[PDB]
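J.: Take a look at the following structure, please.
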Amino acid sequence: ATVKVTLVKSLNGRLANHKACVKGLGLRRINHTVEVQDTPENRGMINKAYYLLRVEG
Amino acid sequence: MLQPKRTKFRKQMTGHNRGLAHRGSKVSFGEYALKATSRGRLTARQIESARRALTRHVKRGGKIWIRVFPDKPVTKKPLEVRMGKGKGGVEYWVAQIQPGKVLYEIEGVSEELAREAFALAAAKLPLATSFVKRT
Amino acid sequence: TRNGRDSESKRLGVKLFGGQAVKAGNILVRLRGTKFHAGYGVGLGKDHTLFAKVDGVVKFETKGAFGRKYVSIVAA
Amino acid sequence: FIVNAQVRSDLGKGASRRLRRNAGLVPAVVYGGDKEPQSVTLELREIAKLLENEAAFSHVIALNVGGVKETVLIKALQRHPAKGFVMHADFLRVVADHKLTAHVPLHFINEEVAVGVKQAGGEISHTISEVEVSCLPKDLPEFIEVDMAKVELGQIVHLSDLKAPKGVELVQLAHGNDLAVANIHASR
RNA sequence: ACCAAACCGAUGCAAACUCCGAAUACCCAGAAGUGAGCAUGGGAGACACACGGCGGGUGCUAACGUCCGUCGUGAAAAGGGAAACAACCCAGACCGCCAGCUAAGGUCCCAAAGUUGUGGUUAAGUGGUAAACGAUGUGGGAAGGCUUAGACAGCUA
RNA sequence: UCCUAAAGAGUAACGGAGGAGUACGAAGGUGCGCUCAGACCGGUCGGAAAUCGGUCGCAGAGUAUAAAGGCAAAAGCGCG
RNA sequence: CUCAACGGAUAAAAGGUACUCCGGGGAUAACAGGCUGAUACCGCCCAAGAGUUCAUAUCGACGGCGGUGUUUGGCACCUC
RNA sequence: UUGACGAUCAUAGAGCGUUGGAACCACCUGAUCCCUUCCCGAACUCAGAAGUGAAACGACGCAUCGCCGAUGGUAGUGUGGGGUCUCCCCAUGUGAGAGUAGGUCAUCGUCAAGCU
Numbered sequence: 002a003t004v005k006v007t008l009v010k011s012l013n014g015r016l017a018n019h020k021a022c023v024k025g026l027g028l029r030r031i032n033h034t035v036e037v038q039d040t041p042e043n044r045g046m047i048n049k050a051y052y053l054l055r056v057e058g
Numbered sequence: 001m002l003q004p005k006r007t008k009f010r011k012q013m014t015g016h017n018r019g020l021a022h023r024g025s026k027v028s029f030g031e032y033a034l035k036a037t038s039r040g041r042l043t044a045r046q047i048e049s050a051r052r053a054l055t056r057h058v059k060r061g062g063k064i065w066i067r068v069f070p071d072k073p074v075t076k077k078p079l080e081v082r083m084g085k086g087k088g089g090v091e092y093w094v095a096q097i098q099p100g101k102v103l104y105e106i107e108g109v110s111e112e113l114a115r116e117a118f119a120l121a122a123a124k125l126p127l128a129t130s131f132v133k134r135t
Numbered sequence: 010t011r012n013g014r015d016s017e018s019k020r021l022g023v024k025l026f027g028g029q030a031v032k033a034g035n036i037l038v039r040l041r042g043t044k045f046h047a048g049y050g051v052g053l054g055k056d057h058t059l060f061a062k063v064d065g066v067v068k069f070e071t072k073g074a075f076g077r078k079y080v081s082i083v084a085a
Numbered sequence: 004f005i006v007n008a009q010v011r012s013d014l015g016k017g018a019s020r021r022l023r024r025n026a027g028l029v030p031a032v033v034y035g036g037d038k039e040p041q042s043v044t045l046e047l048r049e050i051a052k053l054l055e056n057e058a059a060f061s062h063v064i065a066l067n068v069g070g071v072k073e074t075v076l077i078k079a080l081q082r083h084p085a086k087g088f089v090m091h092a093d094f095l096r097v098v099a100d101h102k103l104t105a106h107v108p109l110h111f112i113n114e115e116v117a118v119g120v121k122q123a124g125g126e127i128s129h130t131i132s133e134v135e136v137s138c139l140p141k142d143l144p145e146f147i148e149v150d151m152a153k154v155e156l157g158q159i160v161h162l163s164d165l166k167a168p169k170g171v172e173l174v175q176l177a178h179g180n181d182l183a184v185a186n187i188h189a190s191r
């Protein structure tokens, strides 16, 4: 199935690598919630940027 | 004092003083020892102040071992000299201590004679040392 | 008494790693005297520069007595 | 000599350090001849009584893992170098027939009156201790008595001189060597 | 009574010492999803850098010292926090509103919001600057040592 | 050429250490052969150490020239 | 071909100025400030000893931990 | 029963001990004749067995040296945050080296040739 994510930190003082992990998921700004198809590659990007995110189910 | 006879090089980097001491922390020869519980570096004149303190509070017998040996030369530019013309000359020699390392060992004495003898040698060293036994 | 004077850093290395595809003149390893020996389909030029002769995939295998490093190119 | 243990189904660096500050436990393993190695938690308040004991290193200890009972001999102690306290224990199952290897304390029992000490101005310098053993687990050597009361100012004592009782070998004579044990010499 | 190779055993240490040996970073291949590579032309500006974090040289492991490697912020970024405080935390301003929920930081009075609930601790105004070192300050946790056969103190020879 | 240099390349300092401004007509090609230093014991005037014989070796030698990386198809040694 | 000042200004090049002059600079020095304390100056810890005996009435070798910014410095942030 | 050519490079090595002939193999006899020695039939080569398994070589045994080597713990380290901040700690991913229990007197392939 799917899983919804929530961007809860900013993107501005971050690395060049975590700032592309979040853009690869499709998050644009804070409190923007998308649906990803939960594959081994989408939830690989979540493990890098776990602290910017809120995986609420 | 204590220093090498001939050295393959003349000067050396600074480096760092990291980690604990896993080898060097076990008493091997004596039955009592003075191990060091704070990191620092000893400058090879402190060793002869601490050695000549233990050897006159015994007066009778005992055997003394000195576990640590300074081999690291340390430089110092002379006064009234601007910076950046080379590297200064070697003034003295340094050993590098890290917590757990055993400094002195003693055997053939009483424990309460020796406990109040390492009190004298600890007041000459810039480290916080402790008293340990042989197991 | 005074000592600056370094040299200018020849750019040695190992190109063309474990699964690459090659041609016939590729170089695969500069070298400094036989870290890697001439395997199956490679050249070993003048100053011990390896090079390819046929086409395929690099291997980097350890073989034989003396345990020497053989760079061979496999037609795969 | 008795301890009692638990199972410890949490392995790592993180879970192993939380044992020591939260609960006060000490990790351990039990590995032996017949079975698999099994990990174990013990307390730091208990092992403290056994490590304070004298001959407890070269002696058999009964371990209560669950209600599981096993005769266990201890051959390792990893110990914290800075402060000084016990870290994981690493001991051994005891089979009724597989040889064994441990270390044994010495005592130097009679050195009050030695001919090197009373006649000439004497000193006795114990070089070695903790000599090993190679025995059969049925009959244990707790210690070995050495007597340097006897002959000389100016003789060293080898490993060949002192005797291992009831048919126990010494590994250092099994290798081609014979270490010196104790000296008698003049003081400075 | 000299010393002292060499050899056996225990024992330490190297940027210019290695029987070994990671994490990361690099390359090339595979795919899913989300959102801008190469080549040829026109026009430039720059080539005095600053601090901070993590690895280092030099220095006295001194300087908001100085030369490098890498990420971030100033430069070229306002707003809120640190009493005032480019570069440290938070967050990136298209414009209007006498609308609502939040981040770091906070809730006695200057000063917007708890004189909130619970369990202990410190009496020094510690909080609200600091070193070897010293001491019947106190709270907790395992220890032992001796003791109604009379211990320790005390007054009794 | 090594170190600083952070296990790809690269990378500074009036930062630590050293070397070149050439030799060779065989010191090149090729075929054929062959192994070091040292240890030790025996041996005429050497004698701690020359040549010879022997056992042990297991690259600790050698490489035209600095150091680094190498070398049993020996890249080391000899002859046509 | 050695400006070997090794990407090499010309075939062919030394010095003075307190008699000096123009254009610039706190990108850069001497005075005072500023950060820093190696050096200083004031202390304090162990106590070998001498002080006839007696380490602390007075001193205290061998060595360690600080404070003040007072002078010899380090750096070059302000002002040419 | 052996002999050749490989595969794999020590868990395959070294040491000790045992053991094999008339098929193989090795030593062996003589150099006249090929051919060889900076001297030498030593090595190289040729005509050849008798003789022998001594040496050598293969097999069969021993873990005495060597060599491999767990599990657990520990060092270090990527990202996020801490603190008393020349050094460490917390959450999370990763995880040696050394040592311990123990292992190892190899395993195969192609032909000629010995039950075969």
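So the protein lines, in turn, are chains A, B, C and D. Residue numbering for the first sequence follows the UniProt record's numbering, beginning at 2 and increasing consecutively. Residue numbering for the second sequence follows the UniProt record's numbering, beginning at 1 and increasing consecutively. Residue numbering for the third sequence follows the UniProt record's numbering, beginning at 10 and increasing consecutively. Residue numbering for the fourth sequence follows the UniProt record's numbering, beginning at 4 and increasing consecutively. Just so it is clear, CB atoms sit at the ideal spot from N, CA and C, and this is done for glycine as well.
1. Please report whether the beta-carbon of B:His16 lies at a distance below 7 angstroms from any beta-carbon of chain D.
2. Do D:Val184 and D:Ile131 come within 7 angstroms of each other at the CB atom, strictly closer than that value?
3. Per DSSP, which residues does B:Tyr92 bridge with? Please list them.
4. CA-CA distance, D:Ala59 and D:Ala92?
5. Would you be able to state if there are at least three C-beta pairs under 8 angstroms between the segment 80 to 87 of chain D and the segment 110 to 122 of chain D?
6. Straight-line CA distance for C:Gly28 to C:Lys68?
7. To the nearest angstrom, how far is the alpha carbon of D:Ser128 from that of B:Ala33?
8. For D:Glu126, count neighbouring Cβ atoms within 10 angstroms of its own Cβ and tell me buried if that reaches 16, exposed if not.
9. Roughly how many angstroms separate the alpha carbons of D:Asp150 and D:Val43, rounded to a whole number?
10. Examine chain D for any beta-carbon lying closer than 7 angstroms to the beta-carbon of B:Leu20, and answer yes or no.
11. Determine the closest residue to B:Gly88 out of B:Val74, B:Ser130 and B:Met1, with distance taken between C-alpha atoms.
12. Is the beta carbon of B:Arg115 less than 7 angstroms from the beta carbon of B:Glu31?
13. Beta-carbon of B:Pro126 versus every beta-carbon of chain D: anything under 7 angstroms?
14. State the CB to CB distance for the pair C:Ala61 and C:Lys32, rounded to an integer number of angstroms; the pair is presumed to be in contact (CB under 8 angstroms).
15. Just to confirm, is the Cβ distance from C:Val80 to C:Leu59 under 7 angstroms?
16. Are there three or more Cβ pairs, one per stretch, closer than 8 angstroms when the segment 95 to 103 of chain D is compared with the segment 25 to 42 of chain D?
17. Note down, one range per segment and in chain order, each alpha helix (DSSP H) of at least 4 residues found wholly within the segment 50 to 127 of chain D.
18. Just the C-alpha distance for C:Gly13 and B:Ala95, rounded to the nearest angstrom, thanks.
19. Who are the neighbours of D:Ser128 on chain B, taking C-beta pairs under 8 angstroms?
20. Among D:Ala31, D:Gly119 and D:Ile5, which has the Cα closest to the Cα of D:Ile159?
21. Between which two residues does the beta strand (DSSP E) holding D:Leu45 run?
22. When you compare only the Cα positions, how much space is there between D:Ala8 and D:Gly69?
23. Is the CB of B:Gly88 under 7 angstroms away from at least one CB in chain D?
24. Give me whichever residues DSSP pairs with D:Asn7 in a beta bridge.
25. Which of helix, strand or coil does DSSP assign to B:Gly40?
26. With DSSP collapsed to three states, give me the class of C:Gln29.
27. If you count every other CB in all the chains shown that lies within 10 Å of the CB of B:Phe9, and 16 or more means buried, which is it?
28. Is there a Cβ of chain D sitting closer than 7 angstroms to that of B:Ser25, yes or no?
29. Nearest-angstrom Cα distance between B:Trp93 and D:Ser190?
30. Tell me the residue span of the alpha helix (DSSP H) that contains B:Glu112.
31. Mind checking who D:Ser137 pairs with in its DSSP beta bridge?
32. Do D:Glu46 and D:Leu28 count as a contact pair if the criterion is CB distance below 7 angstroms?
33. Would the beta-carbon of A:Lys10 fall within 7 angstroms of that of A:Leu53?
T.: Checking against the coordinates, here is how it stands:
1. The sequence position of residue 16 of chain B within the second sequence is 16, counting from 1. Judged by the 7 angstroms Cβ criterion, B:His16 is not in contact with chain D.
2. In the fourth sequence, counting from the first residue as 1, residue 131 of chain D sits at position 128. In the fourth sequence, counting from the first residue as 1, residue 184 of chain D sits at position 181. Going by beta carbons, D:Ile131 and D:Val184 fall inside the 7 angstroms limit.
3. Here the question's residue 92 of chain B lines up with position 92 in the second sequence. B:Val74, per the DSSP bridge assignment.
4. Your numbering for residue 59 of chain D matches position 56 in the fourth sequence. Your numbering for residue 92 of chain D matches position 89 in the fourth sequence. Rounded to whole angstroms, D:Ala59 to D:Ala92 spans 14 angstroms at the Cα level.
5. no
6. As a first step, residue 28 of chain C must be located in the third sequence, where it is residue number 19. As a first step, residue 68 of chain C must be located in the third sequence, where it is residue number 59. Computed Cα separation, rounded: 7 angstroms.
7. One-based indexing of the fourth sequence puts residue 128 of chain D at position 125. One-based indexing of the second sequence puts residue 33 of chain B at position 33. Each residue's alpha carbon lies about 16 angstroms from the other.
8. Walking along the fourth sequence from the start, residue 126 of chain D turns up at place 123. Classification for D:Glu126: buried.
9. Locating residue 150 of chain D in the fourth sequence gives position 147, counting from the first residue. Locating residue 43 of chain D in the fourth sequence gives position 40, counting from the first residue. Each residue's alpha carbon lies about 42 angstroms from the other.
10. As a working mapping, residue 20 of chain B is identified with position 20 in the second sequence. Yes, B:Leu20 counts as interfacial toward chain D.
11. Position 88 of the second sequence holds residue 88 of chain B. For B:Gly88, the nearest C-alpha among the options comes from B:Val74.
12. Indexing the second sequence from 1 puts residue 115 of chain B at position 115. Indexing the second sequence from 1 puts residue 31 of chain B at position 31. Using a Cβ distance threshold of 7 angstroms, B:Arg115 and B:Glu31 do not count as a contacting pair.
13. On the second sequence, residue 126 of chain B is found 126 positions in, with the first residue counted as 1. No, its Cβ sits nowhere closer than 7 angstroms to a Cβ of chain D.
14. Here residue 61 of chain C is taken as the residue at index 52 of the third sequence, counted from 1. Here residue 32 of chain C is taken as the residue at index 23 of the third sequence, counted from 1. Correct: roughly 7 angstroms between the Cβ atoms.
15. In the third sequence, residue 80 of chain C corresponds to position 71, counting from 1. In the third sequence, residue 59 of chain C corresponds to position 50, counting from 1. In this structure, C:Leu59 lies closer than 7 angstroms to C:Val80 by Cβ.
16. yes
17. The DSSP assignment places 50 to 55 and 118 to 121 as complete runs of the alpha helix (DSSP H) inside the segment 50 to 127 of chain D, in order along the chain (cut-off: 4 residues).
18. Mapped onto the third sequence, residue 13 of chain C falls at position 4. Mapped onto the second sequence, residue 95 of chain B falls at position 95. A straight-line Cα-Cα distance of about 30 angstroms links C:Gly13 and B:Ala95.
19. Here the question's residue 128 of chain D lines up with position 125 in the fourth sequence. Per Cβ cutoff of 8 angstroms: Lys63, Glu107 and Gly108.
20. In the fourth sequence, counting from the first residue as 1, residue 159 of chain D sits at position 156. Nearest to D:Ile159 by alpha-carbon distance, out of D:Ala31, D:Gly119 and D:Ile5, is D:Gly119.
21. In the fourth sequence, the residue the question calls residue 45 of chain D occupies position 42. Note, D:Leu45: beta strand (DSSP E), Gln41 to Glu46.
22. The residue given as residue 8 of chain D occupies position 5 in the fourth sequence. The residue given as residue 69 of chain D occupies position 66 in the fourth sequence. One alpha carbon belongs to D:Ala8, the other to D:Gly69, and they sit about 7 angstroms apart.
23. The residue given as residue 88 of chain B occupies position 88 in the second sequence. No, B:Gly88 does not count as interfacial toward chain D.
24. By 1-based counting over the fourth sequence, the position of residue 7 of chain D is 4. DSSP lists D:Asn67 as partners of D:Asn7.
25. By one-based count along the second sequence, residue 40 of chain B stands at place 40. The answer is strand: DSSP assigns B:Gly40 an E or B state.
26. Residue 29 of chain C sits at position 20 when you count from the first residue of the third sequence. Looking at C:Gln29 - three-state DSSP - the assignment turns out to be coil, as it is neither helix nor strand.
27. Your numbering for residue 9 of chain B matches position 9 in the second sequence. With fewer than 16 other Cβ atoms within 10 Å, it is exposed.
28. Here the question's residue 25 of chain B lines up with position 25 in the second sequence. Yes, contact with chain D.
29. Indexing the second sequence from 1 puts residue 93 of chain B at position 93. Indexing the fourth sequence from 1 puts residue 190 of chain D at position 187. Cα to Cα, B:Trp93 sits roughly 32 angstroms from D:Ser190.
30. Here residue 112 of chain B corresponds to residue number 112 of the second sequence, with the count starting at 1. Looking at the DSSP string, the run of the alpha helix (DSSP H) that includes B:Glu112 is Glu111 to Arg115.
31. Here residue 137 of chain D is taken as the residue at index 134 of the fourth sequence, counted from 1. D:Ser137 pairs with D:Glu172.
32. Locating residue 28 of chain D in the fourth sequence gives position 25, counting from the first residue. Locating residue 46 of chain D in the fourth sequence gives position 43, counting from the first residue. Their beta carbons are under 7 angstroms apart, which means D:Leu28 touches D:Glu46 by this criterion.
33. Stepping through the first sequence from its first residue, residue 10 of chain A is reached at position 9. Stepping through the first sequence from its first residue, residue 53 of chain A is reached at position 52. Cβ distance < 7 angstroms, so A:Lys10 and A:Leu53 count as in contact.
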